[PDB]
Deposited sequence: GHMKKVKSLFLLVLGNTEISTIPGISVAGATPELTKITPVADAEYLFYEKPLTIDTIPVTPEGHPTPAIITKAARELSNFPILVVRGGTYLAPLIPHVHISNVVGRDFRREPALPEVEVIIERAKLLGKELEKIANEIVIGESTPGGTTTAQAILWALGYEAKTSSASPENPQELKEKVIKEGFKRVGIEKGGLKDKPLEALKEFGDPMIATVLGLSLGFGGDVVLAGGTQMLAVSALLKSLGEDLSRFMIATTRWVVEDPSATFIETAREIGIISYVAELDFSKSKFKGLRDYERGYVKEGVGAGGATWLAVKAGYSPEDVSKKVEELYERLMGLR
């Protein structure tokens, strides 16, 4: 039974958590984090996004990693479907609709009281995609997603920007009445309490699609992996795909946590040192590191025969096409 080798999915999400000042840099201000996921998605298909005509940037002016995804797709031609897990806005492109839900601020109330329907609709999507593709590579764009992901990891027992995050997570834990590890065998409750629509969508996709699944991102994808394990999912058909920058970070525990869950890791060896642009050159200095399935997209481009250097070259070329950056 013939199927496409690999299909890349970009799952979009939002959470009220990204409104909290200092919590996310996926957009120039907390307000603009509301636009980031749609602009990222739209940019993949058009010379500039459509909802706004400039690509998302950090307050520091570092470009969205959507540029890496776009580059890798432009070299290798892999198929893509955008999936709206739950966001403030629909992106202005064809996309799969799962929900229009935004995750709540988990300090005040449960994050995701639509969790069951989101998982159910994503599960159903996974089940139809299993008829079309042997493998899905699931990327994401969800400002605030690393805080929801960390809350879930902590809740399941996996141990200055960081201090705000701990504070915010600790407030949510106090609301719910748990300590670290308190929900280690209650994965659905952890997700309902501290999740977001992207995590719920990736989880449902993973549960519904029966073939190989490459979870393309960082801490977000560790949280998904940990939920899967806690739900008893056999993890041999899952992999996580991230970047050099993520695994090299001495502040992060990516490999250690990945090995504690028991999921294998793919690591895209991108290097922007030779870039003419400080916004790209700055990826070598801890900034951005990951997002929009960039590591996963690069992995697909490499499987298609390109080098990480070739992808980096495409990125530098797309960046020089960019007009109207601040």
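Unmodelled regions of the deposited chain, listed from N- to C-terminal end, are 1-2, 162-170.
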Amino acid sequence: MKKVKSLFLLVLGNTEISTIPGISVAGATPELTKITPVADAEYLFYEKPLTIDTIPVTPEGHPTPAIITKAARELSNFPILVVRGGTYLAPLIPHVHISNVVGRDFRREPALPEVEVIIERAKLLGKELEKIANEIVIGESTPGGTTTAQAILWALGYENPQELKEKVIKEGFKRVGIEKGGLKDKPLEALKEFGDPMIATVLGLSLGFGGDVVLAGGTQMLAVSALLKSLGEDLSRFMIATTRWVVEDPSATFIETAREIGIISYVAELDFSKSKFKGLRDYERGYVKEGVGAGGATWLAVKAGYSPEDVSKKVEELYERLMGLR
From here on, numbers count along this sequence of modelled residues.
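As the entry records it, the average C-alpha temperature factor is higher for 165-173, out of 165-173 and 132-140.
Judged by mean Cα B factor in the deposited record, 283-291 ranks above the other of 260-268 and 283-291. Among 179, 212, 120, 193, the highest C-alpha B-factor recorded in the PDB entry belongs to 179.
Of all the options 92, 203, 111, 247, the entry's greatest CA B-factor is assigned to 247. Compared with the other modelled residues of the chain, the Cα B-factor recorded for residue 253 ranks in the highest third.
In the PDB entry, residue 37 places in the lowest third of its chain by CA B-factor.
In the deposited entry, the Cα temperature factor of residue 88 sits in the bottom third of values across the chain's modelled residues.
Among the modelled residues of its chain, residue 99 has a C-alpha B-factor that falls in the lowest third according to the deposited record. Among all modelled residues in its chain, residue 197 ranks in the lowest third by Cα B-factor.
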